[PDB]
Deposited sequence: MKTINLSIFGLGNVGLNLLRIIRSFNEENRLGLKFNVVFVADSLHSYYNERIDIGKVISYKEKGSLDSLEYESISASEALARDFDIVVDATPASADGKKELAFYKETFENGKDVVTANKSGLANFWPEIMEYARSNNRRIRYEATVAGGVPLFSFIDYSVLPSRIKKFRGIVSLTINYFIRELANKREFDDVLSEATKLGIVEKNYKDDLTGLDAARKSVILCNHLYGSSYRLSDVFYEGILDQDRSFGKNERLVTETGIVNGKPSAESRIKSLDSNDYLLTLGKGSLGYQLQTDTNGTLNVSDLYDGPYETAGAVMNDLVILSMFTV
C-alpha cells in the first residue's frame, strides 16, 4: 500500500540476498509496505528502470549474465538524480572512506536517504557524513556495519530508550577471533591460515591487525555517546609471536571513561564464566550494561550474509514505516 523506491549499489553476498529478501517481503509482509527497485549497480553494470524486475536481476546475476539486460545504463551520479527514496550501499569498503563520503554527500544533496552495510565512510568521516545529512535534512542507518544481522543499533534506539549510561562489550570481529581460538588449540599460524584460505574463511591484514574491529568501534562509540571520533581516537591491536589461552578473545569495548567516550579492541583472557566466552566461532554477540534497563546479553547463532541483508532490510523498514 505504501511504495518505497530504492537504488541498490552492490549485488554481492549482501546485495544479492537483499534482492531476494525484498522479493519475499513484498509478497508476504503485514506492514502495508512495498519496496520497488529502480536501479541496481555492480562493478560491471549500472541499470535503471522505473520498475526493475528483481527476479530477473537475481536470476541473471546467479547465471553470471547481467550482460544480457536491456535496461537504461546511467552513471551512479545520474542515478542519484532520478526520482527514488533510499540508496542502499552494499559496495566494497574503501581503505580511506573518501569514496563513501562523496557518495553519501551526493545522495543527500539529491534528497535521498542512505542505508549502508559498508563501514568505511562512517569509520573515517562520521562528522562529515552527519553534517551533510543534517544540512540536507536526510537520514542514514547502518545496522549491518557492526555485528552483522544481530540487532544492535535498532536495539539501542528502540529497546533501551530510558537508559543514559550505556557501556558495551562484544565479539564483533569474527575472523581474528577465529585465528586466536585456533591458535589456542596449539596450531601453527601458517597451518591455520592455509586451511582458512581453502575454507574461504579469509588479503587478511585488516582483520588480523584488529583494524576491522577498530572501524566498527568508531561507529559504535559515536552512535552510543554522540562523539565524532575517527580511527585515530580508538585503540586496537591484533595478532600479527606468542601462544594464546583458551579464554582469550579480541573484545571490543566502549564506555565513558574519565568523562570521555572511550573505545578499545583488545586481546583479553576472559573469566571462565564471561558471557562472551559462550559464543561459538560463527556467533556475534554483546553485553550491553545500562543504568535503567539492566545488563542485556544479545547474540545470534551463526553469522552470515543473508542475516546481514536482513539487518539492511530492518533499517529500510524503520526509515519507511
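Judged by missing C-alpha atoms, the gaps in the deposited chain sequence fall at residues 203-204, 243-244, 326-328, listed in sequence order.
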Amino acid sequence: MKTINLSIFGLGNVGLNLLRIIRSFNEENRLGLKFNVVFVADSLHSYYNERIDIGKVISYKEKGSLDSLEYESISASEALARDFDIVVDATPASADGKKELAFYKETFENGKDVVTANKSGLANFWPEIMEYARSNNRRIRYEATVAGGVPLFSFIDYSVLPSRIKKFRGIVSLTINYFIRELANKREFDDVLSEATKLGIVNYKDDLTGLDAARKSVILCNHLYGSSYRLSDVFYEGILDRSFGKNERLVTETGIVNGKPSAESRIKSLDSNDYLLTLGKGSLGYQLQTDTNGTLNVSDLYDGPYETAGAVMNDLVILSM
From here on, numbers count along this sequence of modelled residues.
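Checked against the record, the higher mean CA B factor of 182-190 and 247-255 lies with 182-190.
In this entry, 21-29 has the higher mean Cα B-factor, the comparison being between 21-29 and 306-314. Sorting 175, 217, 159, 94 by the CA temperature factor given in the entry leaves 94 at the top.
Reading the B-factor column for the CA atoms of 171, 88, 202, 152 in the entry, the top value corresponds to 202. Residue 222 sits in the lowest third of its chain by CA B factor, as recorded in the PDB entry. When the modelled residues of the chain are ordered by their C-alpha B factor, residue 106 lands in the middle third. In this PDB entry, residue 294 carries a Cα temperature factor that places it within the lowest third of its chain's modelled residues.
Among the modelled residues of the chain, residue 78 sits in the middle third by CA temperature factor in this PDB entry.
When the modelled residues of the chain are ordered by C-alpha B-factor, residue 262 sits in the middle third.
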